[PDB]
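Positions of Cβ are backbone-derived with ideal geometry, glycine not excepted, and every protein chain shown enters the neighbour counts. Readers should treat all values here as calculations from the given coordinates under stated rules, not as data from a laboratory.
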């Protein structure tokens, strides 16, 4: 049981800690991250994200993000995926980034990647947008025009409410 | 009659629970701290 | 029958109270902030 840095993290320099966790990680960093998440205090929460974005370039396994999202994950997953949307072509990554941006309000950063990225299915995206009502949602009037799906957007707006959406 | 009064009190407690759910739904607004992006 | 429905709502409220008890059990984990030693 050499994994005991969860208590020493509050005193050791995070730089050399990340450097030690990046190297010599022969299927070992996963257990260390699981042990860190087992005692994920608010103080040592961001360090679990800092170490997480070093090994993804070599092996971006889904088990890690699945175990991470099992907790609350207010903005840790969003801050992690903020540097993963670029240099990536997977639609599920973008969908999980949209979910994280819907967990805590950062929707102003989603309307840009909807125009930039074009390697995702807009059907599930607009379904999730219509499901999670932001009560101030206007990325839809952008993605629908980008993918030419305003014929149902106008109907949905007229159904829910029509105050400023079509105007703006 | 007293049990119906207690049911009304339980409905008031459910309204308080709905208020707590609204507070939880508003919590993501406070969760969006700009200092967490550093 | 409506009173039995209210009893089911009370059981849901008890499940919410169990969730609150779990939150209270997790509270000492958040209470252990290492930044309090400064």
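Quick rundown of the values:
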{"read-out": "Label-point gap, in nm, between residue C:24 and residue A:19 - each point 7 angstrom along Cα→Cβ", "value": "4.7"}
{"read-out": "Inter-copy label distances at residue C:17 (7 Å, Cα→Cβ; nm, one decimal)", "value": "1.1"}
{"read-out": "Ranked by how many other beta carbons lie within 10 Å on average, peptides A:38-45, A:19-26 from highest", "value": "A:38-45, A:19-26"}
{"read-out": "Number of partner chain Cβ atoms within 10 Å, mean per residue of A:31-38", "value": "0"}
{"read-out": "Label distances, nm, residue B:33 versus same residue in remaining copies, Cβ-directed 7 Å point", "value": "0.8"}
{"read-out": "Chain A, relative contact order in percent, only Cα pairs under 8 angstrom and at least six apart counted", "value": "14"}
{"read-out": "Separation in nanometres of the label points that stand 7 Å from Cα toward Cβ, at residue C:38 and residue B:16", "value": "3.7"}
{"read-out": "In degrees, nearest ten, helix A:150-160 long axis to first principal axis of chain A (Cα)", "value": "90"}
{"read-out": "Nearest-ten-degree value, helix A:91-103 long axis tilted from longest Cα axis of chain A", "value": "90"}
{"read-out": "Shielding by other protein chains, B:31-38, mean Cβ within 10 Å", "value": "5"}
{"read-out": "Crossing angle, helix A:29-38 versus chain A [Cα axis fit, 0-90 degrees, rounded to tens]", "value": "80"}
{"read-out": "Computed FRET value (nearest 0.05) for residue A:131 with residue A:167, which takes r as the C-beta separation and R₀ as 25 Å", "value": "0.50"}
{"read-out": "Simple label model, 7 Å out from Cα along Cβ direction - residue A:30 to residue A:117, nm", "value": "2.4"}
{"read-out": "Nearest residue to the symmetry axis between B and C, taken on chain B by its Cβ, in whole Å", "value": "B:10, 3"}
